[PDB]
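**Student:** Quick one: experimental structure and sequence below.
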Amino acid sequence: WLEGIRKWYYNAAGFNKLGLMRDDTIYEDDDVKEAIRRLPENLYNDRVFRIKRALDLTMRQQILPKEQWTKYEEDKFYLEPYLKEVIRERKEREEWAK
Amino acid sequence: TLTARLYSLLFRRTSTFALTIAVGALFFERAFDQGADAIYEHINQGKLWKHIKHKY
Amino acid sequence: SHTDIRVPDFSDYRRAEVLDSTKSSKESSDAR
Amino acid sequence: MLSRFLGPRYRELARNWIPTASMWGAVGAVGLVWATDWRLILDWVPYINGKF
Amino acid sequence: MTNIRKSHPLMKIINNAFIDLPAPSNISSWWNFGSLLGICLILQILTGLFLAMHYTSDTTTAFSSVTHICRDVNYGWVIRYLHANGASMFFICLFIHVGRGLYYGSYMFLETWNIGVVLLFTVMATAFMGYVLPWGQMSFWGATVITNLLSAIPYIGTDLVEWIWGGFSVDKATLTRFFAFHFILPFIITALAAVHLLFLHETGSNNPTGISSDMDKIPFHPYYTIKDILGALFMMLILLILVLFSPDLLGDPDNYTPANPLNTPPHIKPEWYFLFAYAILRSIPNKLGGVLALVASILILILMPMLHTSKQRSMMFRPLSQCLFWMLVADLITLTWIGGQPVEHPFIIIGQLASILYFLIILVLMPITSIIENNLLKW
Amino acid sequence: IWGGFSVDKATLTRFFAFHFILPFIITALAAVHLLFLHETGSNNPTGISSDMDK
Amino acid sequence: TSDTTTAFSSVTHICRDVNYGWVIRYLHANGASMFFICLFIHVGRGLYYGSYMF
Amino acid sequence: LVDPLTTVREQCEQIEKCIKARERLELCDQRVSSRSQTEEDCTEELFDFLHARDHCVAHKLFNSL
Amino acid sequence: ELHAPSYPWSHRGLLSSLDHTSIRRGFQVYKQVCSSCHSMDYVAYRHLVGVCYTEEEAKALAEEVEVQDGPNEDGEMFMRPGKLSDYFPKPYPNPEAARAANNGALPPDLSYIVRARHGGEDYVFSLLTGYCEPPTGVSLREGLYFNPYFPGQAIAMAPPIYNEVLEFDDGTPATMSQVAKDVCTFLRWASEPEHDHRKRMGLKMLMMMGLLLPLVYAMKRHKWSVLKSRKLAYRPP
Amino acid sequence: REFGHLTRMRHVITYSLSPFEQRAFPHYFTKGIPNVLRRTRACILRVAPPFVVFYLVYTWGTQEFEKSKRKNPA
Ligand code: HEM
Ligand code: HEM
Ligand code: HEM
């Protein structure tokens, strides 16, 4: 069923090796930077530490050791609610503009 | 430790460092030109107009 | 606390001269 | 984009700006014919066909 | 008292450019090519000047003047072959830079991307124009073919080929105007490169991951000068290998022959860096459609910022997109190989199919793969 | 500079090449000239600072 | 063409054969002359009104 | 004055590539000679006969010069 | 078409150079075989000195020929002995004269002939030793000659060189294959005079590249040693 | 966009060392070669097949062109 394909793709993606959650990999467009600003302090600090560690790792070209990789079931979509709220507000503003 | 005295006597000052580069450039060009040329006619011995001009 | 942090060991990277915890680095600094 | 430009007030803006843009297009066409000395068009206009 | 480095206007600009400019730490070698291009620009321009100091643009002296440079002029052969292989290496670096821009989502810097497309256009025009200057058989005949391709343009098109030729066909007037334009254009390239660097410096470069590296930025001078030095040295290693051991490797031997307009060469072909778009031109049967496909094959780079739909800017975490990108690279290699070969069976069908697959991958497979990519990651 | 010999074939070509390259250097130096001029403003005929009448 | 054997003939061809070539040639020459006139006037202005203090 | 090339060529004649090439050439020879008017010109198998022979020669000849 | 083999030329090595004695012999072949029909105008007797002949030999060689040049006080084109300044003599006054003389075909300029044909010397040599008898079914118009290597399978040049076609100054046998080898290597020298220098150009650079690359890279790594050994720790409250 | 206000970051502790106290090539071959094999294994499956299909099509096109130049027994 599809979840096996999803898990295979998560394994083959790469950002699990670098100790990155999913939302650390998303392109930073206007909605995304606004959502990042909207993040709470603790989540933002963990996010920036994770991103900095990943950049260090790819600078040295050393993947993070096997055991403490971000598991599929341990992946938390922390950014998703804030991004959904931002997208909803933008869509509402655009509907008002129309 | 030869490197220690070498640094303490001719590397610490940037002025003497530049003197080292400039002076050593003379002799490096000298030696490298001679060695590379010698290798070159060693590989190509007898086929240049330097080992056969005595014949003509 | 600030006193609970320590510099991680870099022994995998240190040059052979400056590697022991009981030699002043000034002696081998000139050589390095 | 596609949907965000597909609104009532956007077609209102389009209707408002149709005259100015449309006759800017006429400005450009006349300027092109003028600059190139397009004999296909300039022949029909009076008092200028004499230049040919 | 204030730093001359960041208070004097020229020094302040240089400092903010490539001394104290923050840069991502995880920048790979794929970005070094950028600086390499600049090097491969300067190393070109200077050499060109020296060539222009012994070149007499005329159909009675062009080949003779080039020969005089090659043989008689003190160390003139080295400058000539340095120039030719430097143009080839410039195109190698340009293609690698475009590939890097495609791979890591660097086209999200829209202004820099468009200025880069303009620079790429200008470089192709400069190289096409410059290859005429030696006035060999291949130079003149290829120039005739390429310029006559503009006859397919409706209405004005025919007149245009009379305008560009300076007459009825490629003759001395075309040679000298090509020389003058070949002189002027690289300085326009330099100005456009300065603008391209300004646009990029406004926002900063993009790391291979695609995530913003604002938290981890290192000064440019202490690190990314010597790394670029090493890259330029490697580029020089390759370039002098080409110049000093296989000088006329990529160049067609038929150039070393006076341009005789009474004899068509066995096969008329452009440079290896031109054979892919020329093969695209060959693929389409219609003449006007051929030129449209030829220009679109490069203009499609501007569409890339719009066609991106995956939520990840780069490609490190999109393996399907990586396979598609490598399929595209292999397709371009196939285009080059086909352009080298004559238009016969089965080269006709292979060239046609690869030409369709080029646009099909760029416009269709990549966006649909990106939609499937987003769907595969809960988002 | 003069190509040896006398003013002959080589001299004409190198003079043409330098004649072509130099004005672009002049353009760059003129851009630098304006860049150095701008942060000081300009000298009005009276020679007094004109910061109260810009 | 920068070749010595045909530079002067090339200039005469520019002034005699090219469409409106004489306009370009004499515009170039007298534009250089005016460039020097304006340069001397500019240096005179700079020396006069004390702009050389920049 | 005999030539090094002719003897090297003769020794290069007796290798199996050139043997099959010579048989094919002789078959085309008899075919074309027998038929009065045919555009079939024994050029191509002649070219393969060459391509074997000159390669065999070029591998050896320069040492004899 | 049938292309050329890959003959093991003495200069085909990566850092090898042409045999200058063979250059001199091939130039003798050019003088006394094809200088009557082929032109090598892009080269001069000055290029000869220092690679295949001495100054005195070059001077004698130049004066052995007569070149018509210069307008005298009466304006007539006077003939004078050739000198080191002069380029190689052109056998035919104008190209149309050459074509009308031979068969209408034009003998290509031998200056760049090797660098212009795909295959290089291995091509031209293969042509000179490739003069064959036309195969069965191929007719020959009287005046042409059959060469498999020439595109068109029909050359308009009679067999130039054969056994004892010349007498080398040294004394090596003038057999056809040796003559072809010498003339081909001489044509390679003429086409690319910088060849030897280029090889000497490369070798030094190669050794230089064996010295700058391991250093600069090391320096780079040295300057990267700060970052590559950098260690981080997260200490949230 | 310059050093001083690039972004905000807290509770990050970073260490490093002088270039004059640590080796420039710390076991360049002990872990360098295993790293190279790891990256090669990671990228080989997604890099090679597009190039291998090009290899096959190039060979097939060349051989078919050569065969077409041969006469076709008529
Ligand atoms: C953008 C960088 C440049 C590129 C890509 C370029 C490209 C070329 C190419 C491909 C050739 C033909 C080489 C050959 O004969 O095989 C050429 C020739 C020439 N270029 Fe450039 N060129 C550049 C910059 C310049 C500049 C700045 C000048 C003038 C200063 C110049 C002057 C010449 C001259 C005189 C020739 C004729 C000599 C020759 O063909 O070797 N080039 N150029
Ligand atoms: C005239 C030749 C060119 C020069 C001198 C040049 C110069 C540079 C330099 C020095 C960089 C920074 C280093 C790097 O990121 O690679 C850069 C970045 C970039 N260039 Fe170019 N460039 C040229 C051509 C192009 C072309 C043809 C394109 C594509 C259309 C392009 C698009 C880009 C992009 C997107 C970046 C940002 C890459 C990133 O941030 O990761 N450039 N350019
Ligand atoms: C290449 C030719 C030159 C160009 C294009 C150029 C351009 C300019 C321009 C546009 C201005 C502002 C307008 C003005 O104040 O006059 C200016 C000001 C100035 N230029 Fe130049 N200039 C040139 C040559 C020179 C020369 C030869 C000098 C004297 C050495 C010079 C010194 C100055 C000074 C001192 C000013 C300030 C004038 C003031 O504000 O009172 N320039 N330049």
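**Tutor:** Received, thanks. Numbers count the residues shown, from 1 in each chain, chains lettered A, B, ... in the order given. Ligands and ions are numbered 1, 2, ... in the order given.

**Student:** Only C-alpha atoms from now on, for both contacts and neighbour counts.
**Tutor:** Fine.

**Student:** and residue 11, how many neighbours?
**Tutor:** No chain specified, so I'll use chain A. 15 (other Cα atoms under 10 Å in any protein chain shown).

**Student:** hmm, I had chain I in mind actually
**Tutor:** With other Cα under 10 Å as criterion, residue I:11 counts 18.

**Student:** what does residue E:87 give?
**Tutor:** 23.

**Student:** got a list of what it touches?
**Tutor:** With contact set as Cα atoms under 8 Å, 6 or more residues apart in numbering or on different chains, residue E:87 has these partners: E:40, E:44, E:127.

**Student:** Report the central residue of chain A.
**Tutor:** Nearest residue to the geometric centre of chain A (Cα atoms, centre = their mean): residue A:23, 0.9 Å.

**Student:** The longest helix anywhere in chain B packs against which elements?
**Tutor:** Using DSSP state H, we find that the single longest helix of chain B is helix B:14-43. Identification of packing neighbours for helix B:14-43 by 3 or more Cα pairs under 8 Å, 6 or more residues apart in numbering or on different chains; DSSP states H and E yields helix B:2-10, helix I:195-228.

**Student:** Tell me if the last one is near chain C.
**Tutor:** No: contact of helix I:195-228 with chain C is not found when judged by Cα under 8 Å from any Cα of the partner chain; the minimum separation is 9.0 Å.

**Student:** from the middle of its chain, how far away would that helix be?
**Tutor:** 33 Å (Cα atoms, centre = their mean, to the nearest Å).

**Student:** Past it, which element shows up next along the chain?
**Tutor:** Using DSSP states H and E, the helix or strand that directly follows helix I:195-228 along the chain is strand I:231-234.

**Student:** From the chain's centroid, how far away is that following strand?
**Tutor:** 66 Å.

**Student:** what residues are up against residue 7?
**Tutor:** You didn't say which chain, so I picked chain A. residue A:72.

**Student:** that's the wrong chain, I wanted chain B
**Tutor:** Going by Cα under 8 Å, 6+ apart, the list of residues near residue B:7 reads C:30, C:31.

**Student:** Look up how far residue E:119 lies from residue J:14.
**Tutor:** Remark: distance between residue J:14 and residue E:119 (Cα to Cα, to the nearest Å) = 41 Å.

**Student:** circling back: in helices only, show me the contacts of residue E:87.
**Tutor:** Using DSSP H, the contacts of residue E:87 in helices are E:40, E:44, E:127.

**Student:** between those residues, which is closest to chain I?
**Tutor:** The closest of those to chain I turns out to be residue E:40 (Cα to the nearest Cα; 18.7 Å).

**Student:** Name the residues of chain E found near chain A, please.
**Tutor:** So chain E meets chain A at E:25-28, E:209-213, E:215-216, E:311-313, E:316-319, E:376-377 (Cα under 8 Å from any Cα).

**Student:** same thing but at 7 Å, please
**Tutor:** E:25-27, E:210-211, E:215-216, E:311-313, E:316-319, E:376-377 (Cα under 7 Å from any Cα of the partner chain).

**Student:** most surrounded residue in those residues?
**Tutor:** Going by other Cα under 10 Å, residue E:313 tops the residues of chain E next to chain A with 26 neighbours.

**Student:** Kindly confirm my reading that that one forms part of a strand.
**Tutor:** No: counting by DSSP: H, G, I helix; E, B strand; the rest coil, residue E:313 is not found in a strand; it is coil.

**Student:** Next one: it from residue A:30, what distance?
**Tutor:** Distance, residue E:313 to residue A:30, by Cα to Cα: 14 Å.

**Student:** and if you look at residue E:34?
**Tutor:** According to Cα to Cα, residue E:34 and residue A:30 sit 28 Å apart.

**Student:** Check residue J:8 too.
**Tutor:** 18 Å.

**Student:** Quick one: the helices in the stretch 1-150 of chain E, in order.
**Tutor:** E:9-18, E:32-52, E:62-71, E:76-103, E:110-130, E:137-148 (DSSP state H, counting those that start in this stretch).

**Student:** Need the residues that contact the second one.
**Tutor:** Right, helix E:32-52. With contacts defined as Cα atoms under 7 Å, 6 or more residues apart in numbering or on different chains, helix E:32-52 is touched by E:79, E:83, E:86, E:90, E:93, E:94, E:97, E:228, E:231, E:232, F:17.

**Student:** in the longest helix anywhere in chain E, what's buried?
**Tutor:** As assigned by DSSP H, the longest helix anywhere in chain E is helix E:172-203. The neighbour-count check on helix E:172-203 (16 or more other Cα atoms under 10 Å in any protein chain shown) flags E:172-179, E:182-183, E:186-187, E:189-190, E:192-193, E:195-197, E:199-201 as buried.

**Student:** before we move on, what about stretch E:273-287?
**Tutor:** Quick answer for stretch E:273-287 (16+ other Cα under 10 Å): E:273-284, E:287.

**Student:** do the same with stretch E:372-379
**Tutor:** Within stretch E:372-379, judged by 16+ other Cα under 10 Å, the buried ones are E:373, E:374, E:376.

**Student:** Now do the strands in chain A.
**Tutor:** Counting by DSSP state E, chain A has no strands to list.

**Student:** can you tell me the residue of it closest to ligand 1?
**Tutor:** residue A:59 (32.7 Å; Cα to the nearest ligand atom).

**Student:** residue contacts, the closest residue to that residue other than its chain neighbours?
**Tutor:** Of all residues not flanking residue A:59 in the chain, residue E:26 sits nearest, at 3.7 Å (Cα to Cα, 6 or more residues apart in numbering or on different chains). Shown in contact with residue E:26 (Cα under 7 Å, 6+ apart): A:55, A:56, A:58, A:59, E:207.

**Student:** ok so, going back, nearest to residue I:222 among the residues of chain E next to chain A?
**Tutor:** Residue I:222 has its nearest neighbour among those in residue E:25, at 15.4 Å by Cα to Cα.
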